[PDB]
Amino acid sequence: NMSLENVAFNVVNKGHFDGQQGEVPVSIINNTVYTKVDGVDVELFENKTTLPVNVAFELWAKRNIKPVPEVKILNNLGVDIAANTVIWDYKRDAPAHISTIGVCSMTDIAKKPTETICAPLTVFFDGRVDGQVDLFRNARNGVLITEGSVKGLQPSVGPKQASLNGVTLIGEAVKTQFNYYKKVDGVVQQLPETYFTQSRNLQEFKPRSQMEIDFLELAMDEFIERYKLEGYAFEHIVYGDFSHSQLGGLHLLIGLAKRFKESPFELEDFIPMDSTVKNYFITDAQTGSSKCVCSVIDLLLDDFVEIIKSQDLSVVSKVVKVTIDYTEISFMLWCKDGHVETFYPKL
Amino acid sequence: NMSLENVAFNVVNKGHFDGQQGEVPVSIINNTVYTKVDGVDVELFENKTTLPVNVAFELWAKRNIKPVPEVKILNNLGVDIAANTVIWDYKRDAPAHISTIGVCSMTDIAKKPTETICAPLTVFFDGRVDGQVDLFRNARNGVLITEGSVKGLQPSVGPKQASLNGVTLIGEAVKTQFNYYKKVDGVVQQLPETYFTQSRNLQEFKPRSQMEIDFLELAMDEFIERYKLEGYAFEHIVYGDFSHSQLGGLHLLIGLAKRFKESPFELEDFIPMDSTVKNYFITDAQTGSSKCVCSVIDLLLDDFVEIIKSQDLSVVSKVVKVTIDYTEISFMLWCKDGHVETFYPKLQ
Amino acid sequence: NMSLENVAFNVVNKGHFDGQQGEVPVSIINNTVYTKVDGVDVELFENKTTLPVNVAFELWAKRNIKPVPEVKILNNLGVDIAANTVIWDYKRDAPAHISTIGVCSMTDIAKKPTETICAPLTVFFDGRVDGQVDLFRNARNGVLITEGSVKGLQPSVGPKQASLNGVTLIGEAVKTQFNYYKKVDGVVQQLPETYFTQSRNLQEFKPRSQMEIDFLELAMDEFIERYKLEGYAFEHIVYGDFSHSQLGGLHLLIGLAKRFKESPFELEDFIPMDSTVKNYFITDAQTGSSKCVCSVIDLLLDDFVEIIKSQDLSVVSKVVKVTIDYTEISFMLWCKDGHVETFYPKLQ
Amino acid sequence: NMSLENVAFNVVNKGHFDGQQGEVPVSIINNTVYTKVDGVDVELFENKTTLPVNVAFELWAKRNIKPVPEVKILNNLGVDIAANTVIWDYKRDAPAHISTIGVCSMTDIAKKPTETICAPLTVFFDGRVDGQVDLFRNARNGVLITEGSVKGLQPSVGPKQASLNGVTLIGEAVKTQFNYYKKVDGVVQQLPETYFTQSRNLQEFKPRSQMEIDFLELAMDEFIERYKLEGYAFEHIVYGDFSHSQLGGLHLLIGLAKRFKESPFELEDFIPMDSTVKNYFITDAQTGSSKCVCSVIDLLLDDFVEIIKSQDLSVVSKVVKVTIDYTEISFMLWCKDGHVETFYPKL
Amino acid sequence: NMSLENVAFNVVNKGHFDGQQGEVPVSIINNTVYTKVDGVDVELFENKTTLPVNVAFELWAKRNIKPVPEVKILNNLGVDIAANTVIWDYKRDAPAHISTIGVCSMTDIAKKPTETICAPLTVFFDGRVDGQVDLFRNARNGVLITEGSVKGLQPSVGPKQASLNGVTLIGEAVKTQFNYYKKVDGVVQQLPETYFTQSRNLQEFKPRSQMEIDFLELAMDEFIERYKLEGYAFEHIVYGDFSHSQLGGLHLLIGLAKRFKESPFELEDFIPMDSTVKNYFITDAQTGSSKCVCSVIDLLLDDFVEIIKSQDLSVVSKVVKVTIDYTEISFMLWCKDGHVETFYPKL
Ligand SMILES: N=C1CCCN1Cc1[nH]c(=O)[nH]c(=O)c1Cl
Ligand SMILES: N=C1CCCN1Cc1[nH]c(=O)[nH]c(=O)c1Cl
Ligand SMILES: N=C1CCCN1Cc1[nH]c(=O)[nH]c(=O)c1Cl
Ligand SMILES: N=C1CCCN1Cc1[nH]c(=O)[nH]c(=O)c1Cl
Ligand SMILES: N=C1CCCN1Cc1[nH]c(=O)[nH]c(=O)c1Cl
């Protein structure tokens with residue numbers, strides 16, 4: 001007996017869809033779902049998706065409320081759809097995937113991931129749910145996460161962090177670090193050695209290494225001396241140059257975090273979605289320096305330092321490919337006279 | 001077991017809400033309800049009401065599909081709400097009443113009309129439904145229809161016609177003539193003697209008496225001579241006067257029907273609802289004669305002739321009250337030198 | 001060169017998308033596309049689909065404007081998608097298929113039907129378009145139409161009529177009768193022997209055989225006597241029975257057409273889409289007889305007579321399967337004492 | 001001469017409806033009201049209600065701008081409608097009541113509360129307005145507030161705080177503490193002895209007693225010792241247990257306030273309205289501990305301590321009824337071996 | 001080849017319209033523009049204007065991304081339309097002007113400002129763009145800004161600050177101080193001597209003079225003594241009186257800034273647009289003092305002091321006209337017994 005009113009009953013009484021029996025009266029208007037509480041309408045859901053309001057409400061109510069991979073990792077691994085769950089994209093306020101399997105009669109393409117319509121799609125499987133490892137083994141295309149080993153399968157250790165109800169966190173009361181596995185055309189695929197981004201944000205930025213503490217604490221000249229970074233344009237690249245009309249550099253989140261603590265600036269997130277590299281239109285409030293496309297990545301500073309120090313500085317211009325979050329990120333490296341001028345990731 | 005998806009399943013499978021178990025997939029968008037059929041979306045309902053789309057859909061699916069009184073009758077009798085049904089108002093594409101009793105959880109004020117919230121409201125009861133005559137007997141305020149006698153209650157014979165799925169008709173395979181009863185503050189009321197409007201339409205107009213046949217077939221002059229109508233301004237009032245820029249008269253539907261057969265015109269229904277008197281902005285296409293507010297009533301011609309021949313004609317202008325469809329309709333009567341100049345109903 | 005403004009320029013200047021260069025100014029508001037003509041806004045398209053307004057506009061502009069199979073045929077043959085065209089579904093005012101191939105960047109799953117995403121889907125190919133017969137020969141799943149012979153493939157002769165810009169017609173200046181071919185999992189299929197529905201409408205109903213002429217012109221009794229139809233309940237099944245509150249029979253479009261000429265009625269099309277069997281909520285205006293779900297099919301009368309005269313009549317009720325428009329339509333047959341009581345299609 | 005344009009004139013020139021004469025040009029679009037200022041459109045009102053945009057605009061413009069009872073108190077006392085004013089619900093951005101009396105021609109069921117249509121409804125009367133005490137005396141059902149005594153009527157002293165333009169506050173320049181009176185079916189009703197919630201919020205939380213200062217300042221072991229709370233599971237109940245997957249306890253707002261100062265967490269207010277007990281879907285950012293339905297109440301800590309210490313701890317499971325904000329709040333008390341395990345309010 | 005899809009291509013790849021060739025797939029729904037990124041819809045623009053969604057999107061994408069005059073200055077100078085650019089109004093989230101010249105085929109009234117349809121309109125010209133000074137000279141009505149002298153034209157030195165992507169700032173990496181020129185009916189007009197407002201906001205308020213530092217730092221009695229302000233009701237006017245039901249005074253932004261640091265209050269901006277004088281409905285959270293129409297201006301405190309000390313205090317009531325932001329601001333001055341009672345600007 002699945003229905004709009006039963007989904008709303010579950011949201012009101014359980015905080016999300018929990019399979020309970022019951023109904024509440026519902027009103028739909030203004031792309032919004034209301035329920036009646038003691039004679040007046042209370043908003044339960046405002047649709048920000050491109051789906052019909054009542055369909056989006058049901059997928060949101062049926063969202064996975066356990067730690068799940070961040071959407072950027074699923075996208076980077078080519079995931080098209082999830083087995084018997086909904087990965088909600090809190091950056092977009094919308095389902096991460098267009099279709100479902102065994103979730104919702106308006107969006108399901110199948111009830112089980114073994115149906116043949118699913119074979120060409122990369123299905124996400126969650127080894128914490130009974131039966132899903134076996135489904136991964138039978139699927140032609142898929143991505144599997146587990147908490148532990150799967151007999152005979154070679155794992156890839158994922159990022160330390162995961163998303164729990166739209167909060168990205170490294171779990172202490174719950175496990176957020178998974179093994180990853182991937183199959184293409186029926187064949188298990190070796191996932192590449194990879195760096196991971198750290199998923200921090202500008203204002204709550206906390207360092208995760210002694211080098212990152214030093215960078216936030218020392219003066220730039222002091223930090224550069226200790227970590228032997230002369231000639232790598234580290235200031236320009238990480239900390240930014242605000243002296244000209246066009247803002248120079250500023251491509252690591254920790255550098256924006258330091259600048260923001262000192263002096264606020266505006267960041268227009270003009271493609272608002274989860275991605276390994278983010279592009280912002282930045283305007284510095286104190287100087288008026290700005291840049292329409294400022295590419296930013298949150299790598300652990302030690303990782304970025306390892307990457308840039310590995311580069312040959314003998315060419316004026318060069319694409320540098322780095323595996324990050326399982327995907328190939330192209331960096332542009334600009335050099336002159338054997339030292340770096342700039343280095344930035346591309347989206 | 002109440003559910004949007006179950007309402008849609010009933011619409012798809014039974015043509016209306018029939019209390020069947022089942023569900024179909026539904027999308028709501030654009031103030032429209034869709035359902036998915038073989039991979040594509042099919043429209044089931046477009047909301048034209050001021051209620052939320054899913055609520056309006058459910059009240060529409062739960063509409064009464066038996067012959068029921070036209071909305072103008074229920075309005076004139078002061079009905080506020082219906083016992084355990086929805087009277088769908090097809091002139092407004094909306095429920096006839098704001099609230100419900102035992103129909104829909106978003107709009108219900110009660111499950112049964114015996115709840116005290118219902119005592120002040122004038123509840124419509126339907127003697128065809130078991131138990132509702134007795135519910136009327138116990139109610140403080142109500143209107144009751146029946147198909148036959150009720151012990152101890154004198155009936156008022158209602159109109160011949162009723163509304164069945166939005167079609168107004170005089171039933172032959174089904175009964176459409178009801179007895180009417182009304183209670184106010186626990187007291188059974190004597191309903192007044194009344195004329196009834198005939199609820200016909202311009203394009204499909206059927207005469208219902210020999211006088212109406214003669215009016216449609218004879219020339220104006222011969223008709224007036226036959227029924228001895230000199231001095232009552234029938235040429236103005238019923239036939240209409242298209243000779244000046246302001247259209248004169250034309251206040252009886254049969255007169256519009258006769259003109260429309262001969263020469264088409266535009267009628268703008270600028271207050272689109274069911275009422276005993278209708279006002280139209282009329283533009284005649286042949287002549288260009290027009291009138292912003294042309295008040296029109298569909299009386300049997302014989303009834304209209306009885307009314308106008310039953311008036312005193314000795315003052316320039318006055319209000320004439322006529323009980324029609326159970327309500328008091330004001331007409332304006334204008335006379336000169338002992339004869340009619342014009343006579344028209346007012347929408348009020 | 002793809003662009004909303006370029007799509008609008010083609011609509012304004014060519015009547016549909018024709019691949020021409022140019023642009024006009026466009027406004028989108030109210031799920032409606034406008035363009036500016038001499039300082040004011042003119043409506044080009046009102047979106048009635050569940051797709052975004054600008055996407056629906058483009059698919060509509062890119063609709064196939066040649067005669068194409070009616071949507072019910074394509075549905076019954078299991079077509080999922082069309083190769084490099086849009087079949088516009090004029091009954092739903094929406095694309096017949098959710099996705100496209102080589103039409104529109106928002107809806108395309110592929111540029112060409114040879115991409116592997118297309119292999120499981122049943123792709124509609126059009127032999128009038130160069131290369132598409134060969135694309136069918138190579139496709140895993142498909143339906144092909146042609147105007148003539150294909151070397152090595154046995155044809156199924158399709159219906160006489162097809163849809164041209166939403167008008168269903170039997171072409172005289174253009175060919176509307178196609179050969180049909182179908183492949184499932186790489187294997188060419190033998191399509192079954194089938195009847196076809198005639199796709200006529202109530203108001204414009206044209207007889208297509210002498211038997212149908214006789215049915216429209218003769219009285220019920222003389223018709224039944226002439227074609228020796230006693231015992232098959234044609235009076236109930238085809239002519240309909242309006243004598244009780246529940247309307248009896250009336251399951252053949254020609255019978256509705258004959259009634260409609262004599263006396264109008266209301267048909268509520270409560271699942272508005274193209275299908276072989278249609279269900280209507282019918283209310284007869286003259287009698288008040290009505291039925292919530294009246295199943296109606298437009299067969300040539302001769303075909304219907306062949307079907308009903310080809311059944312065993314010895315049990316109270318059973319399901320009779322009939323191949324119509326390439327699909328298996330279930331009918332319910334009800335008999336008593338060796339004669340028909342009623343016979344009606346089911347929408348399923 | 002009441003009209004949409006006159007309501008907008010009043011909003012522009014007086015900040016709200018003030019009965020002044022005048023008109024401004026208005027545009028309605030996107031469920032929003034605009035007025036034209038020097039050639040361009042300026043937003044005056046965005047409709048978040050289920051009423052028609054122009055109707056909601058007029059009720060919002062006609063909102064009571066004096067301190068009024070919080071909506072949760074009116075709801076708890078059964079109020080259906082207000083006499084000749086609009087109580088605006090700033091938690092819902094909507095009128096607290098569906099219908100009006102003498103306010104708005106689209107929503108009025110009557111012009112005066114003495115009309116018989118009002119008799120079955122509990123009408124709110126404001127004794128600060130001339131004539132309303134007398135109307136309360138003539139009404140069959142109603143709730144009256146006053147600043148002072150009403151001859152012969154037995155008062156109930158209300159909460160110290162009230163709402164002024166959506167700000168909940170204890171007045172110093174204005175009076176916010178009212179006497180309350182209530183009638184049902186023509187009969188004055190004795191209002192119960194009651195606790196009141198304190199209406200504080202998470203981030204601006206300020207303590208209102210020495211015990212509350214101590215709780216924010218001392219360590220939990222120290223606080224528990226001083227106030228002799230051993231065996232009442234006070235830590236679990238008030239301060240929360242974040243060590244497991246499912247978040248244990250945490251049912252008093254002061255405990256969330258303390259936790260939030262230390263380490264931020266997300267609170268999804270999935271039924272957004274004013275109520276004595278609130279239910280949140282909480283996710284702790286530092287540990288990943290979470291709970292779909294966490295029931296929370298803001299009682300003065302001294303009040304909560306009085307309540308829990310009053311309980312008999314000899315039964316494993318027991319509903320405990322406490323009058324709060326004039327309504328019966330059911331608490332679940334769970335005990336083992338003569339000490340409390342948990343204690344939480346229900347919504 | 002201008003089109004909706006090309007505008008969206010530019011927004012995605014360049015951060016704004018940059019004249020680049022290319023297209024992305026776009027969806028329009030819910031008065032919102034989406035583009036498809038790897039199979040799912042991402043929001044690019046939410047229309048808050050009264051224009052059609054796709055038209056508003058194009059004007060926003062084509063917004064001037066250099067420092068431009070704040071909208072209040074353009075409005076005060078009578079500007080109706082801009083030459084070959086879009087001044088975006090970030091206070092209204094909408095174009096500052098209804099029509100355009102050479103920007104957008106749905107809103108253009110002309111392609112060049114020399115067309116005769118433009119003659120009756122005051123056109124904004126930007127002397128930093130090649131050719132626009134000459135266009136100003138040929139225009140019948142217009143306003144011109146430049147960075148430097150224009151031969152033979154008498155300049156007016158504008159405000160120090162300008163708006164860069166909705167951030168108001170005094171430029172250090174870019175120039176924000178312009179010369180202003182204005183023509184009416186073909187004749188160059190002498191712009192008046194004027195004060196300028198400072199365009200600061202409540203929470204980030206930073207002082208810009210020793211007097212402003214003193215006001216934030218000293219006690220009111222101390223500040224008043226040092227700057228010899230006795231008898232000018234400075235406390236009432238600047239700092240506010242919260243002791244009564246109706247909030248007295250509080251008309252300078254610096255006074256609200258000081259009060260807000262000490263104790264928060266609500267400011268309802270009920271006409272949300274950019275203007276020299278702003279009107280707020282204010283409610284003090286600590287006392288409950290409030291005022292429906294509180295007129296506020298951000299003048300440098302030294303400027304306000306110069307203005308009030310210049311006034312003759314011998315009349316109970318008097319309108320005082322002050323040129324601010326090039327416009328005539330009327331102040332009401334109320335005096336008794338030779339000292340000020342209050343002084344407030346009018347909107
Ligand atoms: N600074 C400029 C001006 C245009 C090119 N560019 C470099 C740059 N920087 C980024 O941050 N991201 C890019 O993609 C690119 Cl590309
Ligand atoms: N013809 C005119 C011009 C204005 C008055 N009038 C009569 C009239 N005729 C109607 O039909 N209805 C009215 O209400 C009225 Cl009133
Ligand atoms: N007349 C009635 C009343 C309910 C059953 N029935 C027969 C019928 N007739 C149709 O036309 N179509 C049906 O599906 C069915 Cl079923
Ligand atoms: N902790 C759990 C898991 C399910 C039951 N429960 C207790 C609880 N806690 C609340 O905070 N509120 C409740 O209503 C209830 Cl019930
Ligand atoms: N304090 C009051 C009560 C009504 C008049 N007034 C003064 C005032 N103060 C402002 O701040 N702005 C005004 O426009 C005006 Cl006017």
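Just so we're on the same page: letters track the sequence lines, and every chain starts at 1. What you see below is based on every heavy atom in this structure, not just the backbone, and it leaves out hydrogens, waters and symmetry mates.
- Identified by a heavy-atom distance below 4.5 Å to chain A, the contributing residues of residues 99-109 of chain B are B:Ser105, B:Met106, in residue-number order.
- The shortest heavy-atom contact between B:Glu23 and A:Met2 is CG-O, 3.8 Å.
- Within residues 110-146 of chain B, no residue has a heavy atom under 4.5 Å from a heavy atom of chain A.
- Using non-hydrogen atoms only and a strict 4.5 Å limit, the part of residues 31-69 of chain B facing chain A consists of B:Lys36, B:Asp41, B:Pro52, B:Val53, B:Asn54, B:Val55.
- For A:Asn76, the side chain to side chain contact (heavy atoms under 4.5 Å, CB included) partners are A:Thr276, A:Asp325, A:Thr327, not counting sequence neighbours.
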